[PDB]
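Colleague: Below is a structure I'd like to ask you about.
Number of protein chains: 2
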Amino acid sequence: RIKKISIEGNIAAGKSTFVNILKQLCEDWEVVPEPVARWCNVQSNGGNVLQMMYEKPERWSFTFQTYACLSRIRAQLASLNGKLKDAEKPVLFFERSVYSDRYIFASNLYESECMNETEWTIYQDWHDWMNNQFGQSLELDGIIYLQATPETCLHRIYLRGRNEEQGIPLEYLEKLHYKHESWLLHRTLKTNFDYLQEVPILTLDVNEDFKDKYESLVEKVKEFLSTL
Amino acid sequence: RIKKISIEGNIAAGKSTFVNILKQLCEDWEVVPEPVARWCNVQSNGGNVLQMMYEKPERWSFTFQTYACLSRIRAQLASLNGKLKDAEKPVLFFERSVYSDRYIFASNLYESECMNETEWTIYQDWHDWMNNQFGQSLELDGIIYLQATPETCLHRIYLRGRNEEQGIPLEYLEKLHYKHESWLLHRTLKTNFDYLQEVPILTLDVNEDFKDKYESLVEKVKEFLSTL
Ligand SMILES: O=c1ccn([C@@H]2O[C@H](COP(=O)(O)OP(=O)(O)O)[C@@H](O)[C@H]2O)c(=O)[nH]1
Ligand SMILES: O=c1ccn([C@@H]2O[C@H](COP(=O)(O)OP(=O)(O)O)[C@@H](O)[C@H]2O)c(=O)[nH]1
Ligand SMILES: Nc1ncnc2c1ncn2[C@H]1C[C@H](O)[C@@H](COP(=O)(O)O)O1
Ligand SMILES: Nc1ncnc2c1ncn2[C@H]1C[C@H](O)[C@@H](COP(=O)(O)O)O1
Ligand SMILES: [Mg+2]
Ligand SMILES: [Mg+2]
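Okay, structure coming up:
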């Protein structure tokens, strides 16, 4: 029914900022923000599991990573039943997908030895079965990679200001950067979701500053969306 | 269209042993064993998360408890599509239910301070949403409580021999015992699944030794099943 485009990018790269500009350029375009809000206040003041991961990764990576992906699957499946389901030409933009959760972050945490074998095995096993029960619904129809130097991201991470991610070193932002390049740019990163190989991928260089000048980016999106 | 009976009990109380006797008393009765096998070898050589929980509970309780319940939901939903779905009067016996996972074990681990607030909150939140997406399918039609002194269980735990659970002290078996008594016997334990209040519950005293003498128990089950 509804066309589901995913907005991939690094940390503080600028998805939200970007999609918010898109969101108000048509009432047939609804966004599904990353449930970061709830990751910072686990509830049904509760605990801030995002911070726990940052403070002691070798201990909370699993928990966080699991919770983070679930919360997303829900949030997205949820939006699929919004009043958007009625309009003529609907488009639902996702702030990051279950794919980048597992293949970019979880994956990298594992490689960073922050998830023992068992944790990574369980994580994958779960992640697989998860997208096999609600897969159909969330399959993407396109992906928009907001590319940006890990330097820029490190900078924007500071401009944003979330106190949890203020300790993030460039090394980290870098490792995640390559993970994106490898998957969405060079397409050398293999997943376990065959259909992802035949998915359109628009790559925009958001290193500049689209707060003001963004006319360009926008046109390339209308462009890209037509071809779907 | 299949009647789902749950066989509740303590550790090494005798569900398996018992249900195996039931299993071969009619070809319209299929069992769904606890996926313990896989808990002892994640991705079937891997890791043994059951043991991890026992060695360092304050660290692996969450992971284990989460995995254990998921693995069950799958295992059970899976069996609901077996060739049993065809026979005339079908009955599917579950070795423990998602209810006892959360309300007996997870719950007790939390109270034993083996799950910090955050872990317990996330665990519940997840568990709730889980039985709200696949609830319908797994609702029980009856429960059979195999009652037995924590002493007997401690003994049978030794007869069985799983090296992971050889360190279990009576105190533990005891705590879990009361949790069962409170829920299935005195019914004073409140859950978050309204329908469980109106569920038939047969209680059998398996403290003796049904390996041989079990004619009795069996009749009480045929009896109980008729009333459903
Ligand atoms: O051209 C730009 C684009 C973004 N930002 C900053 O990017 C931050 C938001 O980063 P964001 O949360 O959008 O990263 P995301 O959550 O989308 O991945 C905002 O505070 C903006 O100040 C900026 O200063 N100039
Ligand atoms: O009357 C009995 C019933 C059972 N068992 C022992 O119980 C063990 C199995 O315990 P079980 O695995 O059935 O506990 P469950 O997994 O059903 O909760 C077997 O090795 C039997 O030797 C026994 O000795 N006498
Ligand atoms: N999948 C996953 N695993 C681990 N940590 C994550 C994940 N997604 C987001 N985050 C965390 C890490 C960053 O501090 C922040 C980025 O939010 P963002 O909107 O992406 O800039 O949230
Ligand atoms: N829900 C749950 N939480 C934690 N540990 C569990 C759970 N279920 C089984 N087990 C473990 C604990 C015992 O050593 C054994 C009991 O298997 P059994 O067939 O139950 O006698 O398996
Ligand atoms: Mg955001
Ligand atoms: Mg058993």
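The listed protein sequences correspond, in order, to chains A and B. Those letters in the first sequence? Residues 20 to 63, 77 to 260, per the authors' numbering, in order. Those letters in the second sequence? Residues 20 to 63, 77 to 260, per the authors' numbering, in order. C-beta atoms are modelled at their ideal positions from N, C-alpha and C, and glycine is treated no differently.
Please specify which runs of the alpha helix (DSSP H), each continuous and at least 4 residues long, are wholly inside the stretch 166-253 of chain A, giving them in chain order.
Modeller: 167-170, 182-192 and 202-212
Colleague: Considering only the alpha carbon of each residue, which of B:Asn39, B:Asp118, B:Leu141 and B:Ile26 lies closest to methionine 85 (chain B)?
Modeller: Locating residue 85 (chain B) in the second sequence gives position 53, where the first residue counts as 1. Nearest C-alpha to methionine 85 (chain B): B:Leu141.
Colleague: Between the alpha carbons of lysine 207 (chain B) and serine 169 (chain A), how many angstroms are there, rounded?
Modeller: Stepping through the second sequence from its first residue, residue 207 (chain B) is reached at position 175. Stepping through the first sequence from its first residue, residue 169 (chain A) is reached at position 137. One C-alpha to the other measures close to 43 angstroms.
Colleague: Out of B:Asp173, B:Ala31 and B:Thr235, which one is the CA nearest neighbour of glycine 193 (chain B)?
Modeller: Taking the second sequence and counting its residues from 1, the one referred to as residue 193 (chain B) is at position 161. Sorting B:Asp173, B:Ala31 and B:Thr235 by C-alpha distance to the C-alpha of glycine 193 (chain B) places B:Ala31 at the top.
Colleague: Does any residue of chain A have a CB that is nearer than 9 angstroms to the CB of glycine 79 (chain B)?
Modeller: Along the second sequence, read from residue 1 onward, the residue named residue 79 (chain B) stands at position 47. So yes, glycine 79 (chain B) belongs to the interface.
Colleague: Which first and last residues belong to the beta strand (DSSP E) in which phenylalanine 126 (chain A) is found?
Modeller: As a first step, residue 126 (chain A) is located in the first sequence; it is residue number 94 there, counting from the start. From DSSP, the beta strand (DSSP E) with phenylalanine 126 (chain A) extends over 123-127.
Colleague: What are the complete beta strand (DSSP E) segments, minimum 3 residues, inside the stretch 92-157 of chain A?
Modeller: 123-127
Colleague: As a quick exercise: from B:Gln229, B:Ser132, B:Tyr204 and B:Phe166, pick the residue whose alpha carbon is nearest that of residue 262 (chain B).
Modeller: The shown model of chain B, from 20 to 260, leaves out residue 262 (chain B), and the question about it has no answer.
Colleague: Along the chain, where does the beta strand (DSSP E) that runs through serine 35 (chain B) open and close?
Modeller: Along the second sequence, one-based indexing puts residue 35 (chain B) at 16. Per DSSP, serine 35 (chain B) belongs to no beta strand (DSSP E); it is in the alpha helix (DSSP H), 34-42.
Colleague: Please report the distance separating the alpha-carbon of residue 71 (chain A) from that of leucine 217 (chain A).
Modeller: The structure shown gives no position for residue 71 (chain A): in chain A, residue numbering passes from 63 to 77 with nothing in between.
Colleague: Can you pull the chain A neighbours of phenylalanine 94 (chain B), defined as C-beta to C-beta under 8 angstroms?
Modeller: Taking the second sequence and counting its residues from 1, the one referred to as residue 94 (chain B) is at position 62. Those within 8 angstroms of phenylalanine 94 (chain B) in chain A are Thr95.
Colleague: Under the DSSP definition of a beta bridge, which residues are partnered with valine 50 (chain B)?
Modeller: Taking the second sequence and counting its residues from 1, the one referred to as residue 50 (chain B) is at position 31. DSSP, once it has assigned bridges, lists B:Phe125 as partnering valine 50 (chain B).
Colleague: Mind checking whether residue 65 (chain B) and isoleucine 26 (chain B) have CB atoms under 9 angstroms apart?
Modeller: What the structure lacks is residue 65 (chain B): chain B is numbered 63, then 77, with the residues between left out.
Colleague: Are there three or more Cβ pairs, one per stretch, closer than 8 angstroms when the stretch 144-161 of chain A is compared with the stretch 33-49 of chain A?
Modeller: no
Colleague: Tell me whether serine 258 (chain A) sits in a helix, a strand or coil according to DSSP, three-state version.
Modeller: As a first step, residue 258 (chain A) is located in the first sequence; it is residue number 226 there, counting from the start. In this structure, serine 258 (chain A) counts as helix in the three-state DSSP scheme.
Colleague: With the cut-off set at 9 angstroms, would you say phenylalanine 37 (chain A) and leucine 234 (chain A) are in Cβ contact?
Modeller: For the purposes of this step, residue 37 (chain A) is identified with residue 18 of the first sequence, where counting begins at 1. For the purposes of this step, residue 234 (chain A) is identified with residue 202 of the first sequence, where counting begins at 1. Against a cut-off of 9 angstroms, the Cβ pair of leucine 234 (chain A) and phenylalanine 37 (chain A) comes out as no contact.
Colleague: Within the same chain, show all residues whose beta-carbon is closer than 8 angstroms to that of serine 63 (chain B), passing over the 5 residues directly before and after it, in chain order.
Modeller: Looking up residue 63 (chain B) in the second sequence gives position 44. Around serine 63 (chain B): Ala56 and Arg57.
Colleague: Report the CB separation of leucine 228 (chain B) from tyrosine 131 (chain B) in whole angstroms; it is logged as a contact under 8 angstroms.
Modeller: As a working note, residue 228 (chain B) is residue 196 in the second sequence. As a working note, residue 131 (chain B) is residue 99 in the second sequence. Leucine 228 (chain B) to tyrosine 131 (chain B), Cβ: 7 angstroms. Contact.
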